[PDB]
Amino acid sequence: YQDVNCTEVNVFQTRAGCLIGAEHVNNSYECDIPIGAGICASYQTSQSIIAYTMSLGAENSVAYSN
Amino acid sequence: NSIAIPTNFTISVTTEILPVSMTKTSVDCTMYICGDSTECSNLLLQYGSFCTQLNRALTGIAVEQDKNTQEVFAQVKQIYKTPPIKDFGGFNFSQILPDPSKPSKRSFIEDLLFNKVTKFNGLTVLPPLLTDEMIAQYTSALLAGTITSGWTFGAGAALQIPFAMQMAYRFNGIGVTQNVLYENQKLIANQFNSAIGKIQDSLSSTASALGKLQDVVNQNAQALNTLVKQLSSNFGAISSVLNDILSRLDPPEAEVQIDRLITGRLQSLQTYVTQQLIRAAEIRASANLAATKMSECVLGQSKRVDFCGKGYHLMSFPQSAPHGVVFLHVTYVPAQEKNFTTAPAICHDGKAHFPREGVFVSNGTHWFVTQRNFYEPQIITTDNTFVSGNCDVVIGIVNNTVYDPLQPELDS
Amino acid sequence: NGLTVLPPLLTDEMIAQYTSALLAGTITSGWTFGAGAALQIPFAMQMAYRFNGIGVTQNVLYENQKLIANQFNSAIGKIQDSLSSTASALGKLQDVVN
Amino acid sequence: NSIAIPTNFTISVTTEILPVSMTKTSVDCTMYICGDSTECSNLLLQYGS
Amino acid sequence: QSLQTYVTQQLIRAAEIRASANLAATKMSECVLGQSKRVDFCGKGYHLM
Ligand SMILES: *[C@@H]1O[C@H](CO)[C@@H](O[C@@H]2O[C@H](CO)[C@@H](O)[C@H](O)[C@H]2NC(C)=O)[C@H](O)[C@H]1NC(C)=O
Ligand SMILES: *[C@@H]1O[C@H](CO)[C@@H](O[C@@H]2O[C@H](CO)[C@@H](O)[C@H](O)[C@H]2NC(C)=O)[C@H](O)[C@H]1NC(C)=O
Ligand SMILES: *[C@@H]1O[C@H](CO)[C@@H](O)[C@H](O)[C@H]1NC(C)=O
Ligand SMILES: *[C@@H]1O[C@H](CO)[C@@H](O)[C@H](O)[C@H]1NC(C)=O
Ligand SMILES: *[C@@H]1O[C@H](CO)[C@@H](O)[C@H](O)[C@H]1NC(C)=O
């Protein structure tokens, strides 16, 4: 529900609106079906729709030295 | 017979500011054309798909703003991070790298850029898919890659190289002999650091520097204000307020007055959507230009003249801005011009000689060979020059002497 | 009917001055005026750099300088003959006007 | 095992033509629609912006 | 309606001209002010000037 609070409408409040039916998952993944405001959703595990903050890629420091 | 060779340089950081996206507006046209009115809605259905192709056109614009923003920023397969120690040979990126003290971890110069830029009628504003905190992880990844690994993170995985060896590589890219860096490394580090200092003075003092991004935000706000104001027009109807028509006239007459309002509001929405489709092409061509500058200037070094601001391009650092990007393009500019007599070729033992690299020049009594971009005279030898043909062919050749490094080794 | 045409800010004379400046720069200082100061260079040497830039050793230019200058001069004369006789040559600009 | 290497060259000059600008027209929307007419202009105002 | 049609066509046409102007500006910088390594960017053949 775009641009509404989870009041008037397994409920996840995002800045894109009130998302109902998607499980909020702490693990990030590559973006699949974009929702907005950093949140994407996908169908995964038994399977269900999940919502998560998308990953921007793996973290990799460079072994920089003089 | 005269060539000017500059005996010194200045390193100039020029800001280039580019729109990259615009506000993802979307309008429930069936609410804008007919608000909470069943009688009006049933009449609007007689126009078929004139609504759903406008819901569709605006959705196409809204979806591609994240395409633009992804293509410009997400040019990196990994989120690279800077080392704990800042051992960059004297260069000082602390004003363009993240500030861990902030809630959204923008750089110092990204905070200046985020400071200088400033409904009920079916209108909405959809959020971007990349939050301005995720854009700042991508520009920090592009930038921590650029600093620690040069172009190599664009070709493969990031290969570390010391920053004094990365700039020595970029000086060879502009044809300046890389020892011109090491022999001047503190001067070059200090001119980079001082030139980054001027960026803060510019962006802090002069709000008009952001003129392109504020223009894009103003055009989108002016179009929405025009669209909302156009609800107040009668278009030939007895009233612009739909409820006042319905509360006063029976259907056989109310429908006529309503059709007048429907025609006017529908044409007035098509005008907005057509303007936004043309304005979205104007931003999409700017996102593709920003994506191209990201790929060629940041992930690389550009041989294209004036592509990365005035000067010979050395490197660029991306910073984010509200609905845009900013490139801090670092360029070598040759500065202290000097005058010399010059020769196309030199004559020695009947042979003509030409410089493998550099220009034959004369301060007025002696002849030297030297790189074109930085006065650095060399005694002329068989190692700086090659023989081809003889004296009787070149126009404007000069009868100097060319030294042989082997002779004294066999003479002694 | 209310239909008018506004003049351009830069008049044809001003455009001519800019192309003149760009041309004079190109001829007397090569590319240096683009990067920074216009640094005078003997034209033949400028061409030598232009040749190295395409993978042809500079001695080729000097040894063939008379040939190259003659081919260049002839090529320009051909440009004039084409533009003076082929109306369609400027079709891209005429089409905008139309 | 065969390579063709040019032994001579020619300098050619070609002409590339590009549009830069278009005529800066300007239309007075009121005069166009309701030229010198008060009665028409007042009706035109009902169309707002 | 006639004006709206005209203006829309001018905006679209203006975008085409703008793209051409941008190309022309790019060439000026990367063709006149410099030397192009970009193939057929500045005519067929190896660009000199
Ligand atoms: C042009 O440069 C040469 C080399 O630097 C100058 O000749 C030398 O000048 C110095 C200082 O007077 C003497 O110590 C050397 O013995 C000279 N010979 C060499 C090394 O070439 C020359 O004087 C300069 N041009 C001028 C101003 O006449
Ligand atoms: C390269 O080609 C040019 C022609 O494009 C040759 O120059 C011509 O030589 C003939 C004699 O064989 C003369 O009659 C022409 O008038 C010359 N033309 C010009 C423009 O000079 C040139 O000799 C050739 N070079 C080589 C090495 O074969
Ligand atoms: C929803 O309402 C609560 C108050 O009950 C408020 O604290 C919260 O911030 C609101 N969320 C949104 C997205 O408006
Ligand atoms: C994420 O982990 C925290 C514990 O660190 C937990 O409290 C929170 O409920 C988890 N959220 C989700 C969506 O699993
Ligand atoms: C080169 O000579 C010209 C002569 O007109 C003079 O104006 C110019 O300043 C001289 N350049 C330098 C670097 O001395």
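Residue numbering: from 1, along the chain as shown.
When the header is checked for method, it gives electron microscopy, 3.1 Å.
Cβ coordinates come from backbone N, Cα and C, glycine included.
Taken from Swiss-Prot as is:
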CARBOHYD  B:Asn8  N-linked glycosylation site
DISULFID  B:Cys29-B:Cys51  disulfide bond
DISULFID  B:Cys34-B:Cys40  disulfide bond
CARBOHYD  B:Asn92  N-linked glycosylation site
REGION    B:185-235  region 'Heptad repeat 1'
DISULFID  B:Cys297-B:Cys308  disulfide bond
CARBOHYD  B:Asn339  N-linked glycosylation site
DISULFID  B:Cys347-B:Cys391  disulfide bond
CARBOHYD  B:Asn363  N-linked glycosylation site
CARBOHYD  B:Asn399  N-linked glycosylation site
Across all protein chains in the structure, which of the disulfide-bonded residues B:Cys29, B:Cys347 has the highest Cβ count within 10 Å?
B:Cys29
Between the recorded positions B:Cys40, B:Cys308, B:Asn339, B:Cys391, which lies closest to B:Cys29 (disulfide bond), Cα to Cα?
B:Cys40
Tell me, which recorded positions from B:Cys51, B:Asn92, B:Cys297, B:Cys308, B:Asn339, B:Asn399 are within 10 Å of B:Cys391 (disulfide bond) if we use the C-alpha atoms?
B:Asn399
Just give me the nearest neighbour of B:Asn399 (N-linked glycosylation site) among the recorded positions B:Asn92, B:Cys297, B:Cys308, B:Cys347, Cα to Cα.
B:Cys347
Listed in sequence order, residues with CB under 8 A of B:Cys34 (disulfide bond) and six or more positions away:
B:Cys40, B:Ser41, B:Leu43, B:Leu44, B:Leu242, B:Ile262
To the nearest whole angstrom, state the Cα distance for the pair B:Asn92 (N-linked glycosylation site) and B:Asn8 (N-linked glycosylation site).
22
Cβ contacts of B:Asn363 (N-linked glycosylation site) (under 8 Å, same chain, 6 or more positions away):
B:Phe340, B:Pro377
Where ligand 1 binds, which of the recorded positions B:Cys29, B:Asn363, B:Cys391 are close by, with Cβ under 6 Å?
B:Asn363
Select the closest residue to B:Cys297 (disulfide bond) from the following recorded positions, measuring between CA atoms: B:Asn8, B:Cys51, B:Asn339, B:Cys347.
B:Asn8
Check the recorded positions B:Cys29, B:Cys34, B:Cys40, B:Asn339, B:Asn363 for any whose Cβ is under 6 angstroms from an atom of ligand 5, and report them in sequence order.
B:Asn339
